[PDB]
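**Student:** I have a structure I would like to understand better, so I am pasting it below and will then ask my questions one at a time.
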Number of protein chains: 2
Amino acid sequence: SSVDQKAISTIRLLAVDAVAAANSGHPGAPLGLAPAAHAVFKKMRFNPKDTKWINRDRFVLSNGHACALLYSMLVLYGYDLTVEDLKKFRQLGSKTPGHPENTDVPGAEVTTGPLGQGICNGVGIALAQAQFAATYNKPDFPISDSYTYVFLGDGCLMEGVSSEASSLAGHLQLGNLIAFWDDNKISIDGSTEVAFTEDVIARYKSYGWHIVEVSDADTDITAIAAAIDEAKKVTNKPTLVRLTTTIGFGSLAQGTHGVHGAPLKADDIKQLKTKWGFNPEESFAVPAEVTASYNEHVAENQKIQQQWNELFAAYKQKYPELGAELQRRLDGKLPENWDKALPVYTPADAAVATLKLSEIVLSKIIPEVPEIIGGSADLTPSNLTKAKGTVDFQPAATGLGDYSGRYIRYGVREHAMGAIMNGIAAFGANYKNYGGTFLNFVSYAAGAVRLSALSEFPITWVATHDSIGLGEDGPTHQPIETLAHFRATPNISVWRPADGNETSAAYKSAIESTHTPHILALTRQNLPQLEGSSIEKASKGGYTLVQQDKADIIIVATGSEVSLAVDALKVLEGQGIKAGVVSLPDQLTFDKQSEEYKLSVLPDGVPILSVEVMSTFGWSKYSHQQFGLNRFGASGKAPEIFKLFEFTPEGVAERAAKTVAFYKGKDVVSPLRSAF
Amino acid sequence: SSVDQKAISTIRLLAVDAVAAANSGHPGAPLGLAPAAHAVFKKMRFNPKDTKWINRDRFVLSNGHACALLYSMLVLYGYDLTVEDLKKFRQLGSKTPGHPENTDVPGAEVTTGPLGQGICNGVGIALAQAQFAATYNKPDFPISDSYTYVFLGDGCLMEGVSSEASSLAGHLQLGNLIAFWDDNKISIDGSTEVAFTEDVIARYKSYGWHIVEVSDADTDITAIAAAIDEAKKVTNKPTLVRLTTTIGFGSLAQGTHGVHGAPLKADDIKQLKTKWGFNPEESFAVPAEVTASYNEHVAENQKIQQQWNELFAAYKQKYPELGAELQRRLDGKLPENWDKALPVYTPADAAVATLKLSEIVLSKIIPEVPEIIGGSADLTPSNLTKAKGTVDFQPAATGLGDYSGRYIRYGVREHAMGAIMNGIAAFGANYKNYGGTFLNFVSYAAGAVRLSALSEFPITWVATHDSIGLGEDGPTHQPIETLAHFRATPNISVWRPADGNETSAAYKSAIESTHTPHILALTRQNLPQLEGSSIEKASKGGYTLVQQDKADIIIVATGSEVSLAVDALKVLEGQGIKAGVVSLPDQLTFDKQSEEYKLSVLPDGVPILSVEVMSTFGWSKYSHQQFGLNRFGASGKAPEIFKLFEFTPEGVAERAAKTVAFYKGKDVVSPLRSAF
Ligand SMILES: Cc1ncc(C[n+]2csc(CCOP(=O)(O)OP(=O)(O)O)c2C)c(N)n1
Ligand SMILES: Cc1ncc(C[n+]2csc(CCOP(=O)(O)OP(=O)(O)O)c2C)c(N)n1
Ligand SMILES: O=C(CO)[C@@H](O)[C@H](O)[C@H](O)COP(=O)(O)O
Ligand SMILES: O=C(CO)[C@@H](O)[C@H](O)[C@H](O)COP(=O)(O)O
Ligand SMILES: [Ca+2]
Ligand SMILES: [Ca+2]
């Protein structure tokens, strides 16, 4: 008889009807988690009319297949999502896709569905909130005091990425994070008894999490609310709330794996409706008493945001500098002329490894841009990712840092680092955050990297030791396929800078980015400062480094192979062959230039040879012939590896001469040309 | 004064001298783990003169950067690895690469170095041993009773893949597995206090592992041996032995992160040698008392193998059928004419999804080929990877299966499944093992997949839901980059079969493979049986499906797009354009054919258009123009997605007609031609 009971029924039946309309999707977890969703959203502070309010509590559905539940909450609370949108669940072009997308769904903080990701994103949102609060809060000014609420299931708990992030979140004492395990004993294959018998609670205690168990989460919303209150009292541990639920609660098939991921039968939906007091002939029913009850909570939350806006106005009066910084960040704007801090080099400067140039850039721009934070996956002395004079992000209680710190010790946790970076970006406030590892092990985090791209998050991988140039660690460490993989992923900027100026351009792009993740492929070995490079020119993604009006061939190269191309040009000169050189530090940035610009760099009428010491995949977009490395590497001194594979001035010159011969007497059009 | 002490010193100094000769590598963990390595190898049964003895104990160095330790053991025990090879540590072309490679190093069971992988490989070796023993052991015939010993460090314990595999190994009660944690409190960034403060022991107990703690693993080899004995008494739990060690034990820099990954200073090496009784002027010292002591253990082990060979001879007398099966498997040979079990289709048969065709193949070949085992990462009802009438691999104690079972419930653990598959292959005995998930989430396991390729292991991914064809789950589930990523990786066979006959060819390749991992990209949606397909023709990787002697264009396609290409051919016919069709179910298999065969499929003098509903990367090897999908997908009904992106007979025909126009009046040579 209570409106709470009616709301829970409404949520359950909206979710079931959405799945029924699509004849596709997942009704089980929505039915089991509706009580908890109702309780959690009633405790959350949010404004459906301002999804960007920086002191909102955040909600993350890590078990993203359950998104009919999320969409039902967003509709009932009056986000920019309607019952008509629910009726278009899983339909082409709708705002209710089969897994939630932050780019398409108002109130979806992150893109989830791939299991394990959301809980790690929640760790990142909570990490950002802690850093943000430590940076801006003052006595009598709680600018940031929000919580991060995550729903997750058994699948998320089995995925290693969540173990990584949970270990780290416990270490970081993130008391702002409250996660809820849907303990329903069912996965796709059937009972969890067949593959998942670990003592989850004991594991989470071993990470340093607090635990609250709710033995009847099907009905006991008082206990769920009390569990949230208890979690909030434990300020130095993230909390896991165990929700013991019946998957598909109410269905004839409740408590079975069949209700996990298929639409319910028509008669099942009828009996669900009738026993909960709804009309079995009606779909998408919304009792006005439910939206009125919810509208009241919205009104209270809107009053809280109104007061927060006055708090912020008073803060800007008392702390004009910090307040202006905060306003700028909330407006999405970097500091004026921040890029004047970028290092600039000339050909008179010494050769430097681009991982070391990266260290230098970070040391200059971190002091100038407070919204840069980042870390490394236990490779700080090798990636060179920490700026001297910064403090690590740690709980002060440890003595090892502070929450105001700017450098994160991720440990050996590449995948969670990638998904945590997504959460930090998702927090907002213009965070431009980065994560260091060896390029070859960015691949450990592929699940998260592709979601950076799909989510349009401006995260940055500082991906060092990019090739066989690293030498002795050998083929287990040497990328071959890696750049092809990420360049083939839509919306990833993959920078491979050749020298100091190009490394500054790469960081200019990565930090200015608002919608595109970056991977910066950086060398262990020293590279010369190039004649002809500049930040301005490299900012175009691809540019003419050596212009040769009478070119017999153009060599297009990236990174460490640009200097090699220039040396090959000198060899070719002695053989009577004139070459130009194009440097292509980022293929995506280049692709986005005008057709006329791109054709000025890669014109018609001249054969083009690409040179890059890894896969030739993708390179036929830019070249007629490709010199790359399509086998695994080798353990040895790097110069000897390059000699073995003929990535030498003479070996490049030989293949350039063969390319010129191949096209002798034939017209050649730019590789940029296509039939459609 | 004991020879044990002298052996430990010898091991330590061989490792340090190897690193010193290379001026590259990792001396710290070798110094800390030499006592444990000495103790473990003394308990292990192995034959340095027969690295394939199927009842050997296996050793895995998961902390593979410590490989100077492994190489020192292999040299001292008289494997096909010498002191001269140690002097060439980390040098181009040596048998002592900077991380161990099973393809290059005698006695290296797997390729390790990428952290977390080795312990998961050990779980797989132990899983295979349990299955193998349950299949072949009889009363009085312990054909298989070997153990799997793994060394791992803090890094491995932080990588999520090891959590996945450890949860599963505990569930599977793998009492044959004994792992050793190098608890030295140091990672690359410094103390583990900065990022890794979890209660490891409590976590491993939560998985159901047994624990033995060795508080002084720097010196107490009696306690290490006793820990092994204790582990062997606990037959229903894998055991974690906590080795509390001093990283770099003996170095002036012992117990610091500087000794982790850089050569020791010359004076440090001198004082190490002098205080342990060695000559500081001598490198690569091997006291004859150490190799004599080790040679005795080898002799005992060789006697054990000699007896095992007689046991096996007696087994073949008593159980001629099982014995002949076992002999065949140990010879590396599949059953005679096993491939007669492969299903064959004609164009009169119904349309079938290739994931369903895969189910049918498995149902026919699993009964015929006992060395096939496999599983799914909690997608069994969606991948269709279990053959009816088989039992799950589980401990009998659970009631859910038996160790003789053939179907593995991996849970939602793609990355560990990939690395466990590598371990099962590494066990030997001709295991041909497979793992099912959605293609898009094979990417979660990229770290392990690339090691399958580098290790030359014939594992198979059953990778369903391969494209936008899956429909409503949307872009979080729909591959775009995935095939490009794995095709760009050396030595991966990436099959994308178009119909029944091609799906049988893909399995023929995957099961016959001895050195090449396979990924089978399979559809959710139904595809027609093609006129012109056959197992024989598809076994060539690429073949002419529709031969058109007067072709204006050839359309080359894979998988679901072959039928689309054939329908486009019909549209083109009405526009006066003659097309041929090539089906390219595996690019690697095709690439390995003769140049004349490849040119017969992709000849000179005709424009070639590729069609595949994902990245166009790689396709310029085979086509002049490429029609693919280089943006993310969409949540909707699959046919509507295909229409939106113009993957329709008319849309393909339009781009084919534009391709013909583009080359009108120009000579065209095969894309297979290259200048070098
Ligand atoms: C990384 C990843 N692996 C596999 C899947 C496929 N998948 C979707 S739901 C699911 C089962 C999820 O189980 P659980 O999280 O317990 O959800 P519940 O059945 O309780 O609703 C699986 C294996 C996925 N979406 N992401
Ligand atoms: C997946 C992966 N991430 C990072 C690295 C780089 N790396 C090599 S060793 C190492 C530290 C390993 O620490 P630990 O395993 O504790 O070895 P120890 O310092 O005790 O010798 C790291 C981060 C790697 N090899 N593989
Ligand atoms: O990953 C590893 C070991 O698996 C190595 O790379 C070292 O641990 C260290 O990172 C050496 O790298 P450099 O900084 O000397 O190039
Ligand atoms: O992964 C998911 C949810 O994240 C879905 O794919 C379902 O869990 C199920 O696998 C449906 O797939 P179908 O078998 O109906 O195609
Ligand atoms: Ca579940
Ligand atoms: Ca360590």
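Heads up, residue numbers simply count up from 1 along the chain you see.
Just so it is clear, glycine is given a Cβ too, placed from its N, Cα and C backbone atoms.
The site 'Important for catalytic activity' annotation in Swiss-Prot covers A:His26, A:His260 and rests on similarity to another entry. Annotation source Swiss-Prot lists thiamine diphosphate binding site at A:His65, A:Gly113, A:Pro114, A:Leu115, A:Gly155, A:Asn184, A:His260, A:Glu414, A:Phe441, citing similarity to another entry. Feature annotation from Swiss-Prot assigns Mg(2+) binding site to A:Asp154, A:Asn184, A:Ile186. As annotated by Swiss-Prot, active site, proton donor applies to A:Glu414.
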**Student:** What recorded positions from A:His26, A:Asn184, A:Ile186, A:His260, A:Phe441 have a chain B Cβ less than 8 Å from their own Cβ?
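**Tutor:** Near chain B - Cβ to Cβ under 8 Å - we find A:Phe441.
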**Student:** Where A:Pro114 (thiamine diphosphate binding site) and A:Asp154 (Mg(2+) binding site) are concerned, what is their Cα separation in Å, rounded?
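**Tutor:** Roughly 13 Å, rounded to the nearest whole number.
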**Student:** Of A:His65, A:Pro114, A:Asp154, A:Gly155, A:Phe441, listed as binding-site residues, which ones have a Cβ less than 6 Å away from ligand 2?
**Tutor:** A:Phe441
**Student:** Name the residues of the same chain, 6+ apart in sequence, whose Cβ is under 8 Å from the Cβ of A:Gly155 (thiamine diphosphate binding site)?
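**Tutor:** Result: A:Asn63, A:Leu115, A:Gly116, A:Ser187, A:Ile188.
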**Student:** Around the C-beta of A:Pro114 (thiamine diphosphate binding site), how many further C-beta atoms are within 10 angstroms, looking at every protein chain?
**Tutor:** 27
**Student:** List, in residue order, those binding-site residues out of A:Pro114, A:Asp154, A:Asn184, A:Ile186, A:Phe441 with a Cβ under 6 Å from any atom belonging to ligand 5.
**Tutor:** A:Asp154, A:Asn184, A:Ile186
**Student:** Measuring CB to CB from A:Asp154 (Mg(2+) binding site), give everything in the same chain under 8 Å that is also at least six residues away in sequence.
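**Tutor:** Within the chain, A:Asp154 (Mg(2+) binding site) has Cβ neighbours under 8 Å at A:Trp181, A:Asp182, A:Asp183, A:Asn184, A:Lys185, A:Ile186, A:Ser187, A:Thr192, A:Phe196.
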**Student:** Which of the recorded positions listed here (A:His65, A:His260, A:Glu414, A:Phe441) have a Cα atom within 10 Å of the Cα of A:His26 (site 'Important for catalytic activity')?
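**Tutor:** Final answer, ordered: A:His65, A:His260.
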**Student:** Around A:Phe441 (thiamine diphosphate binding site), which residues of its chain at least 6 apart sit with Cβ under 8 Å of its Cβ?
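**Tutor:** Listed in sequence order: A:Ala377, A:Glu414.
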**Student:** Tell me the Cβ contacts of A:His65 (thiamine diphosphate binding site) under 8 Å, same chain only and six or more apart in sequence, or just say none.
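**Tutor:** Listed in sequence order, they are A:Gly25, A:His26, A:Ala29, A:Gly98, A:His99, A:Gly113, A:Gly261.
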**Student:** On the three-state reduction of DSSP, what should I expect for A:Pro114 (thiamine diphosphate binding site)?
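**Tutor:** SS state of A:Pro114 (thiamine diphosphate binding site) = coil.
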**Student:** Near A:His260 (thiamine diphosphate binding site), which residues of its chain come within a Cβ-Cβ distance under 8 Å, counting only those 6 or more away in sequence?
**Tutor:** A:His26, A:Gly28, A:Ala29, A:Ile186, A:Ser187, A:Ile188, A:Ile247, A:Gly248
**Student:** For A:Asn184 (Mg(2+) binding site), which of the three DSSP-derived states applies: helix, strand, or coil?
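**Tutor:** Looking at the DSSP assignment, A:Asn184 (Mg(2+) binding site) belongs to neither helix nor strand, so coil.
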**Student:** Whose Cβ lies within 8 Å of the mean position of the Cβ atoms of A:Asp154, A:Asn184, A:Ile186, the Mg(2+) site, other than those residues?
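**Tutor:** For the Mg(2+) site, the extra neighbours are A:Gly153, A:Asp182, A:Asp183, A:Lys185, A:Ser187, A:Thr192, A:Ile247, A:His260.
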**Student:** Under a three-state reduction of DSSP output, how is A:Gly155 (thiamine diphosphate binding site) classified: helix, strand, or coil?
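**Tutor:** SS state of A:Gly155 (thiamine diphosphate binding site) = helix.
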**Student:** Quick one: of the recorded positions A:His65, A:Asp154, A:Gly155, A:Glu414, A:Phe441, flag those whose CB is under 6 Å from ligand 4, and say none if nothing qualifies.
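**Tutor:** Passing the 6 Å Cβ check against ligand 4: A:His65.
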**Student:** Is any of A:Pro114, A:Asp154, A:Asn184, A:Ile186, A:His260, A:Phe441 (binding-site residues) within Cβ reach of ligand 1, i.e. under 6 A, and which?
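**Tutor:** From A:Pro114, A:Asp154, A:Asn184, A:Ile186, A:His260, A:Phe441, counting a Cβ under 6 Å from ligand 1 as near, the near ones are A:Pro114, A:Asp154, A:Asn184, A:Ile186, A:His260.
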**Student:** Starting from each candidate's C-beta and looking 10 angstroms out, tell me which of the recorded positions A:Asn184, A:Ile186, A:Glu414 has the most other C-beta atoms.
**Tutor:** A:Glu414
**Student:** Let me check the 10 A CB neighbour count of A:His26 (site 'Important for catalytic activity'). How many other CB atoms are there?
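**Tutor:** Other Cβ atoms within 10 Å of A:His26 (site 'Important for catalytic activity'): 25.
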